[PDB]
């Protein structure tokens, strides 16, 4: 029924007039509205599908953001500001400060070109700071990805780039915020070993070994390579294929993780049950290669980023870098200058 209530001109809750759709997802829709009771200020309204799983996720997000916005009222740690919620013809709607495009959408609109490295450095720093603030308050996000990082302002300048024979957009201000707190889980809540639709998903989640804060660090590792390359390094929707891709980029999985997993289907003896010479197997060999071979330059700033990424993509969550540590990494020295 959503198409009947999310059109340009519709009014929600006797105050918000829909201008246009900003984007869609599995959850529903985000629309830009005029708030007729706050002087015409533009806001963003998430309209949530009338489906039990998303309604429960939306109620959860509301609890989480209430706690985070009162703990950090000035958005020092860059979590999105929720302004209120209401119900409209059986759909939960949540009102946010209006931001710019998602980082995914910016890449897409720019023809799948990567961000340049000085912007990557700022964005990475801000993402690590924001999610470490979550990790300090006994939370894990669990669903970090480029669609869920948004530019405060997505405005750009435009010129012809003769090095790659095409026009190129250059961001003016790379400041970001983190969104989507519907899967966010407290340390003391139930940690469901089941997880749903994502491929920023850590190896401990795939193998059902239990998870906590480190799973976020793995996701951030994936985001940073994507910003550097302009495309995903794990393009797959099959778990076993995903594990095969990991092995090609990062080497074989630790033996103690293979012995512990209850998911025996993926393994024969203590090896991944993967035919290298199948149709899908040859696609993996051709798309994926060892991590450092993705580097586009041997310059030391590039090597610094890739050392950070590698520590984030440690298989064993007990050994993986924490965000506290990552904020001190040399890659970020260039921001602290004086």
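Positions refer to the first chain, counted from 1. Just so we're on the same page, rigid core means the largest C-alpha set that superposes within 1.5 Å between forms.
Stretch comparison, 110-118 versus 185-193: after rigid core superposition, larger RMS CA deviation in 7 other deposited structures of this protein is found for 185-193. Take 34-42 and 305-313, fit the other structures onto the shown form by the rigid core, and average the C-alpha distances in 7 other deposited structures of this protein: the farther stretch is 34-42. When the C-alpha B-factors of 165-173 and 212-220 are averaged, 165-173 comes out higher.
When the two stretches 153-161 and 79-87 are set side by side, the higher mean Cα temperature factor goes to 153-161.
Comparing the C-alpha B-factors of 236, 148, 185, 130 in the entry, the top value falls on 236. Of the candidates 137, 261, 103, 140, the one whose C-alpha carries the top B factor in the deposited record is 261. The entry lists a Cα temperature factor for residue 195 that places it in the highest third of the chain's modelled residues. In this PDB entry, residue 281 carries a Cα temperature factor that places it within the highest third of its chain's modelled residues. In this PDB entry, residue 228 carries a Cα temperature factor that places it within the lowest third of its chain's modelled residues. For residue 287, the recorded CA B-factor ranks within the highest third of the chain. Only modelled residues enter the ranking.
Looking at the C-alpha B-factors along this chain, the one for residue 125 belongs to the lowest third.
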